[PDB]
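Those letters in the sequence shown? Residues 8 to 52, 65 to 76, 86 to 273, 283 to 480, by the deposited numbering. One structure is given below, encoded as C-alpha cells.
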Amino acid sequence: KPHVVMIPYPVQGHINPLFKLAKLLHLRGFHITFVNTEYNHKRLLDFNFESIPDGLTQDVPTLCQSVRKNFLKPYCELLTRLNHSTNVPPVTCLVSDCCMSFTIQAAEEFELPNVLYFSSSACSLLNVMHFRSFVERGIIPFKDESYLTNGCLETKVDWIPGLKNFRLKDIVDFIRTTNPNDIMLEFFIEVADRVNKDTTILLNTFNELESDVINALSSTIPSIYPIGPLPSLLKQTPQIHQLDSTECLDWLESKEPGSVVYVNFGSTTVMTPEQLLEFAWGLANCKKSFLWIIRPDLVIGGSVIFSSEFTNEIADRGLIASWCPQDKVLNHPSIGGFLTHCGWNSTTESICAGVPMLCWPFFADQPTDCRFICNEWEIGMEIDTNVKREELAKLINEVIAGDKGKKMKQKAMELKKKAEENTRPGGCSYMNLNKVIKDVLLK
C-alpha cells in the first residue's frame, strides 16, 4: 500500500494547504503520516498525525533557523520507526513542503521519491529561485536603510524572464535587508540551491493564472506542476465532505448580493492601534455593509478603538466577529469585496470565490501577490501601508459600487471559471496531480 509522509513548514499558512492535499491523497489510496511540530500538533487537537520537536524554547526567523539544522535528525528517526512499525506499512514516498528542504537529503538516504509542495505562487517561487542572483548582481543586501526612501524599491526587475512589470518592491520582500547574514534570505537561497532539474514541485495555481511565470520556471525546473487552485479542486472532488472531520452567515443572508465588504487580516500578525483605528472608521465611513473578522483584544489598546460611538454608528451596517468559516463567507452571494494582506491562501480562495480584493501587503509574498492582483489580473486595488480612513473609504466604495469594481468582479469571475475548469477531469491542474502520483509517487 502506498504510504506518504507529509511535512509542512511549521506555520498555519503552510500546514493548511498541505493538509488539504493530504485529504486528496488519502482519498486516492495513500496511507498518510502527517508530521507537525509539537507546538502545532497541540493546537490542532490510514491517516496518522505524528509530531516532532521544533527545537525552540512563533518567530519565523527563529523557526527557519531551527528548520535548517534541528529537523533532519528527528525526521529521519521517525522514518526509521515507521519502516519498522508493525502498525503501519513501510513508507513509499514523501510529499514535503519546499521550505523543509532538509527532506531532500533524507529522501536520498532512505531512497524514497520526494515531491516538493511550494505553498506560494509560481511567481514567488521564481523570485525565490533568483534571490541568489540579486546578491551576485550586487543589488542585495542594500548598503544601508536609505534604500527604503531613495526610490531604490521602484527600480524595475527586468532581468528575470517571465516577469513582466516587476519592481524590487514587488519581489518577495525577504530581499529587503542590509544584513549579509540575514536568516530569511540565506534560508531561501539554501532552499533554491537544493532544487535542480530532477526536482518535482507542485504549485497551488493554474497555467492561465501565471502563464509566463510558469513557462519561465519550467526552463529551469521542467517538473513544476500546477495542481490548483486547491479550493476549486477539493470542491469538485467526489466524496470530499466525508473528510470534513455560524452567526456570521446568518447575518449575511439578508444582505443584497455583492454589497458586503469582507475584512479579515488573519491573526498571524497584529496591527497597530493607529492602523486599527483608520480601518474601523474607514469601514464605518464608507457606508457599506461589512463583516470584519478581528480580535481587538490582541491589539494593544485595540478593544478601546471599538468605542460606544463606533458601535452605534455601524449598528445597521457592520458586524465584528472573532472568527468565521472563511470559505463559506467568501463564497456567500452577499460578498462584494475582500480586504486582506493578500497572502497566497487568501488570494487563491478569493479567486475561486470570484471576489475582487483590496490588498494591504505586509510582508513575504504579499507585495508579490498584490502586484499581480492590481496590475496583472486587475481584480483588486492596493491600500497604502500607512492606511487612512478617507482614502480607504474611497477604495472600498470603488470596489463595491464604482465602475472599476464592476470590471474587477468581471475579471475575478473569469478567473474563477478557469480555476474550476482546470481542476476537474479534462483540466491540466487535475491531470498534473494524477501524473505526479502515477509517474513519481507510486513505485
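Built from N, CA and C at the ideal position, the CB exists for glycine as well.
Rounded Cβ spacing between residue i and residue j (contact assumed at less than 8 Å)
i, j, result
"residue 339", "residue 466", "No, residue 339 and residue 466 are not in contact; Cβ-Cβ is about 40 Å, not under 8 Å."
"residue 182", "residue 165", "About 17 Å separates the two Cβ atoms, so there is no contact after all."
"residue 296", "residue 437", "7 Å"
"residue 12", "residue 37", "Wrong, their Cβ atoms sit about 10 Å apart, outside the cutoff."
"residue 5", "residue 128", "Absent from the model: residue 5. The displayed extent of the chain is 8 to 480, so no value can be given."
"residue 237", "residue 452", "7 Å"
"residue 369", "residue 286", "7 Å"
"residue 248", "residue 394", "Contact flag wrong, Cβ pair sits at about 30 Å."
"residue 315", "residue 425", "6 Å"
Where residue i sits in the DSSP three-state scheme
i, result
"residue 192", "coil"
"residue 352", "coil"
"residue 343", "coil"
"residue 33", "helix"
"residue 54", "Note on the chain: consecutive modelled numbers read 52 then 65, so residue 54 has no coordinates in the structure shown."
"residue 422", "coil"
"residue 373", "strand"
"residue 289", "helix"
"residue 201", "helix"
"residue 395", "strand"
"residue 502", "Outside the displayed span of the chain (8 to 480) sits residue 502, for which this structure offers no information."
"residue 262", "helix"
"residue 70", "strand"
"residue 358", "strand"
"residue 43", "strand"
"residue 378", "coil"
"residue 257", "coil"
"residue 272", "coil"
"residue 65", "coil"
"residue 128", "coil"
"residue 454", "helix"
"residue 112", "coil"
"residue 6", "The requested residue 6 does not occur in the structure, where the chain is confined to residues 8 to 480."
"residue 147", "coil"
Residue i, buried or exposed, once every other Cβ within 10 Å from all chains shown has been counted against 16
i, result
"residue 363", "buried"
"residue 52", "exposed"
"residue 360", "exposed"
"residue 214", "buried"
"residue 302", "buried"
"residue 463", "exposed"
"residue 402", "buried"
"residue 475", "exposed"
"residue 44", "buried"
"residue 66", "exposed"
"residue 245", "buried"
"residue 27", "buried"
"residue 381", "buried"
"residue 239", "exposed"
Proximal residues to residue i (C-beta, below 6 Å), its chain only, five neighbours per side dropped
i, result
"residue 243", "none"
"residue 81", "The model contains no atoms for residue 81, which sits in the stretch where the chain goes from 76 to 86 directly."
"residue 205", "169 and 213"
"residue 383", "377"
"residue 330", "301, 358 and 361"
Close-in-space but distant-in-sequence residues of the same chain around residue i (CB under 7 Å, 5 per side omitted)
i, result
"residue 125", "14, 15, 16, 21, 25, 145 and 147"
"residue 337", "310"
"residue 313", "336, 339 and 342"
"residue 173", "206"
"residue 442", "393, 435 and 436"
8 Å Cβ cutoff met for residue i and residue j
i, j, result
"residue 448", "residue 415", "yes"
"residue 151", "residue 219", "no"
"residue 385", "residue 271", "no"
"residue 228", "residue 253", "yes"
"residue 107", "residue 68", "no"
"residue 375", "residue 299", "yes"
"residue 292", "residue 371", "yes"
"residue 342", "residue 317", "yes"
"residue 389", "residue 456", "yes"
"residue 478", "residue 9", "yes"
"residue 39", "residue 32", "yes"
"residue 154", "residue 179", "no"
"residue 366", "residue 328", "yes"
"residue 116", "residue 143", "no"
"residue 121", "residue 91", "no"
"residue 217", "residue 323", "no"
"residue 450", "residue 417", "no"
"residue 461", "residue 264", "yes"
"residue 459", "residue 234", "yes"
Sequence-distant residues of its chain with Cβ nearer than 8 Å to residue i (five each side left out)
i, result
"residue 335", "304 and 307"
"residue 398", "378, 379, 404, 406, 407, 419 and 422"
"residue 208", "169"
"residue 35", "474"
"residue 427", "319 and 322"
Contact with chain C by residue i, beta-carbon distance below 8 Å
i, result
"residue 177", "Considering every chain present, this structure includes no chain C. It has just one protein chain."
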